[PDB]
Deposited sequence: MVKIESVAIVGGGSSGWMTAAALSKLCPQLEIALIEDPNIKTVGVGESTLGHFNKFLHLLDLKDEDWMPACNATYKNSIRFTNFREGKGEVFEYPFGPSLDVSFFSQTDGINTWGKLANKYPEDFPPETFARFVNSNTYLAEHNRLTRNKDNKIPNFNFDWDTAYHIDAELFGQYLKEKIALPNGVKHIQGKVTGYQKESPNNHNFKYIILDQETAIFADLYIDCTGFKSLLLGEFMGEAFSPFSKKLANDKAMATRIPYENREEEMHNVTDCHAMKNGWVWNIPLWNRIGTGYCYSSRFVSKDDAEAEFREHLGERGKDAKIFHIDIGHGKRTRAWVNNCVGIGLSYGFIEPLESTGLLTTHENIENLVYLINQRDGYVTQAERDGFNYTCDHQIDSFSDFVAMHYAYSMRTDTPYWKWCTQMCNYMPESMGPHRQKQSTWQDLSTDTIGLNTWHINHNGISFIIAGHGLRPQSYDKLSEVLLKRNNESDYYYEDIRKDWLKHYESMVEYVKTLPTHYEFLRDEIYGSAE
């Protein structure tokens, strides 16, 4: 019954991330990884820091081995109104409450925005609640030893841009192979079930000859989903009802001015039929268009993409990917687990690429270390529920980036903002597992308030130009009960504007992203 041996099929980031984690955190396991000899930049979340910490990986050691750079924020260019306007979702555990009204809490920024519009445009919300914003905005970095950047923790509030394949190659050479992971070179061609009615793999077939025996098979074969989707036949739920993007093209561009260009951030540039990601690495920029075939041809999207990239557009080698934008109905089916794109994928607008991967890895390590590799159907059902809940949460969050945009300038954006219904279940009599659309609507229109329970939504709807109270006369009328006054907002305004001007001056004395990497991590170029 017990999982004693594991066969991982696939050797990308997902394969070696799984092999490394299992080899280090589950030493009781015998592990093999099957990789086909005969066969690109990505940004991470805060979540990634937990994975790195669990594997004892120091920035100094692994970052140079995969052209990694630092990431302090996701930047949204052209998303609100399609006129080059910018807003950040900076990394942070919690909103800095330092300049908040005692009585208005999180709603303080919105009242400032109503009273003093010229001083508090949408891009000021992030600055007003998160100082990581300043590092991102002026492309600077610091370990913040003396806490001179408020409520910023370098280790945990800074994530990474990585070459995922080289990251895998690092985990392979340094963690997996040394810990006795058996590297098997071969193509998985077929499988044998245990019996007509027992749908567990008895073994999988390598090169139409060799049978690989394992207690648990892990599918790290990406969009193919060879073991979970094909062999075990698990259905695929697409996200096409709230997310229109079903295609991606990707490319590598050389740096023109490497020091200036190697940004502290993943930029997301909204286009006519989707958005383009910008991922600075040590040696190059990784960039791609996520678009909707519903609204644009492959040829038209590529002409768009090249035009958008300028001179570096013309000779850029572009690779088209068919993206499984959705999830399998289950991650763990019989004696096979989907880890990475074999299970699920959200377009990386919230740098969610590796989420499907390290979440499932940590949840697998959790169950295997529970009772020496013994697991019940109840726990596997729990694994499926936990990781299903998560990808549904994140897919709704990503959908909100489109839903609240002001853009109606193309049929794509007219669909996203004016036609698509994001709350179809909301008029029914039953409470939804995924109810953030309903709850946000209640809090904003119903109660005229934000809440720290919006962890992330607040930065997105702020950047799209929404406020908890849309007009000041509304705020005024709520003070009238207990004969209160807003005059102290004049002091919050003056004091904060002063704090901003001096915070920018201090942040300009800090090393640039490139300088920090050169001096602290690389020691070179």
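Several segments of the deposited sequence are absent from the coordinates, namely 1, 41 to 44, 531.
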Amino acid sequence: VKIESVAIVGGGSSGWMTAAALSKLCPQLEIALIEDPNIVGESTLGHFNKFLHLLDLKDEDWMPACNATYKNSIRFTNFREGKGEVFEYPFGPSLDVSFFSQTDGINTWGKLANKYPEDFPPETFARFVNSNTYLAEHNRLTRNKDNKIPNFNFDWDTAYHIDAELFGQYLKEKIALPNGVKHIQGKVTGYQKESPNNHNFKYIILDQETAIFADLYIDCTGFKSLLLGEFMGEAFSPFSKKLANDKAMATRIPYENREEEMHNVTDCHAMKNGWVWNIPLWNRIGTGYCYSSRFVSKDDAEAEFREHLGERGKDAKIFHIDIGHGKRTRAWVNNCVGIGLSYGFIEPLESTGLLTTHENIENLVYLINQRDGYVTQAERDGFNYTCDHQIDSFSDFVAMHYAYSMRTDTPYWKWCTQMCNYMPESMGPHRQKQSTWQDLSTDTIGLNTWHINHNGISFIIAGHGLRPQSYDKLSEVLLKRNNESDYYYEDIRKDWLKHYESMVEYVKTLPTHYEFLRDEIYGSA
From here on, numbers count along this sequence of modelled residues.
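As the entry records it, the average C-alpha temperature factor is higher for 475 to 483, out of 475 to 483 and 63 to 71.
Per-stretch averaging of Cα B factors for 205 to 213 and 371 to 379 places 205 to 213 on top. When the C-alpha B-factors of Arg407, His454, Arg127, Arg330 are read from the PDB record, the largest value belongs to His454. Looking only at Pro93, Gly274, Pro90, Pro122, the residue with the top Cα B factor in the deposited structure is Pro93.
Annotation for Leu354: C-alpha temperature factor in the highest third relative to the rest of the modelled chain, per the entry.
In this PDB entry, the Cα temperature factor of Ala316 sits in the top third of its chain's modelled residues, the highest group.
Ranked by Cα temperature factor within the chain, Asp396 sits in the lowest third according to the deposited record. In the deposited entry, the Cα temperature factor of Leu112 sits in the bottom third of values across the chain's modelled residues. Residue-level temperature factors show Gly340 in the highest third of its chain, judged at the C-alpha atom.
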